[PDB]
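Participant: Next up is a structure, given as structure tokens.
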Amino acid sequence: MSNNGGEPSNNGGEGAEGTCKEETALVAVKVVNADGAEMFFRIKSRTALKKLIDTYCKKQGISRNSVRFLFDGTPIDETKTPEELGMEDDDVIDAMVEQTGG
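Dropping the structure here:
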């Protein structure tokens with residue numbers, strides 16, 4: 001016996017807006033989940049959140065349209081927002097769910 005459900009909430013907040021040169025920096029990121037599943041890795045500040053959400057979503061077997069990546073209250077999906085806002089190798093991202101699809 002079981003039965004649950006939630007409300008809709010599409011149109012999160014994409015980005016896709018930035019140049020590409022090279023840069024030199026190292027920042028560690030740790031993605032946690034309300035369920036417990038978490039993973040941390042060291043990646044260039046230039047591109048960390050991108051590969052983090054891309055690898056987490058791709059690995060989980062679900063597109064990037066059902067996961068809210070926030071940092072200390074900063075709900076954003078990109079390696080530029082949290083990068084320039086954090087500027088630290090301790091960038092954390094708490095993946096939260098606010099919509100049901102799969």
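In terms of the deposited numbering, the sequence shown has 41 at position 41, counting the first letter as 1, and numbering is strictly consecutive. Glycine included, every Cβ here is placed at the ideal spot set by N, Cα and C.
When the distance is taken between beta carbons, is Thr-79 closer than 8 Å to residue 105?
Facilitator: Since the first residue shown for the chain is 1 and the last is 102, residue 105 is missing from the structure and cannot be characterised.
Participant: So for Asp-89, helix, strand or coil by DSSP?
Facilitator: Within the sequence shown, numbered from 1, the residue matching residue 89 stands at position 89. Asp-89 falls in the coil class under three-state DSSP.
Participant: Along the chain, where does the alpha helix (DSSP H) that runs through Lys-30 open and close?
Facilitator: Position 30 of the sequence shown holds residue 30. Premise fails: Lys-30 lies in the beta strand (DSSP E), 27-33, not in any alpha helix (DSSP H).
Participant: Could you pull the DSSP bridge partners for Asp-94 from this structure?
Facilitator: Reading the sequence shown from its first residue, position 94 is the one you call residue 94. Beta-bridge pairing links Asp-94 to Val-32, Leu-70.
Participant: Spatial neighbours of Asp-89 within its chain, please: CB distance less than 6 Å, with the 5 preceding and 5 following residues excluded, ordered by chain position.
Facilitator: For this step, residue 89 is matched to residue 89 along the sequence shown. Excluding positions up to five away in sequence, the list reads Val-27, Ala-28.
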